[PDB]
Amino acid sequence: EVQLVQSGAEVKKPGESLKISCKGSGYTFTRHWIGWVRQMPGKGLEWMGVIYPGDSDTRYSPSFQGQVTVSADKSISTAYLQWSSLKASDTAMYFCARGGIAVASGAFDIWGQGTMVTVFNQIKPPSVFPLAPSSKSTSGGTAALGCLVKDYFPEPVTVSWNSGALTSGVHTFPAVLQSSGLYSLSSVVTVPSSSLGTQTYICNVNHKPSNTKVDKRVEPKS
């Protein structure tokens, strides 16, 4: 049974250090490569570096050389990945993979779970703004109200409409994780345009981590 078992998930602040371990079992640890691959949330795989535990030979990608360190301890069959100063852009999954031999020479035949590394700067309450439905929305048609919830940390943020009284036509989109490390989503409700001017639309946005809740009025202007 060939296996690569990686350390648990980590949550660190920017500028801090980090060292993840990755232990191999079921094979001769010193007779294979050990590489590190990065996967940003929802993005593709990126090779970072590789170490041969037999003679501690290291190869680095140009995009990662100097920003991260790869090492190994063959006495306990473990490989290490190390950051000296973390950035918000380092939030990602990190797989360690064994480098095959024979027909598998150029490939990575065995993989671990991956280690989730989250760089969290501060618990930030969200900024809530209205998304006006339209101009000349006129009777007899549908209109899309919304509110945009920007720059909050962490997940989740919960949105209801009219304190839960409005359920038909509501859709809360999954949030985007901006390169700044903060989240942003939007919530949209489809209502009869006739009710724009008679019925008021109240969006309720709750941030559990920041003890924050905002009630935003959505109302056409001009």
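All residue numbers are counted from 1 along the displayed sequence.
For the pair 149-157 and 31-39, the mean B factor over Cα atoms is greater in 149-157. For the pair 114-122 and 131-139, the mean Cα B-factor is higher in 131-139. Across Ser180, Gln65, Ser56, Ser187, the entry's maximum B-factor at the CA atom is seen for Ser180. Per the deposited coordinates, the residue with the largest Cα temperature factor out of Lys12, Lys23, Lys19, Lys213 is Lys213.
For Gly164, the recorded CA B-factor ranks within the middle third of the chain. Only modelled residues enter the ranking. In the deposited entry, the Cα temperature factor of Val70 places it in the lowest third of its chain's modelled residues. Annotation for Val5: C-alpha temperature factor in the lowest third relative to the rest of the modelled chain, per the entry.
Per the deposited record, the Cα B-factor of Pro192 falls in the highest third when ranked against the other modelled residues of its chain.
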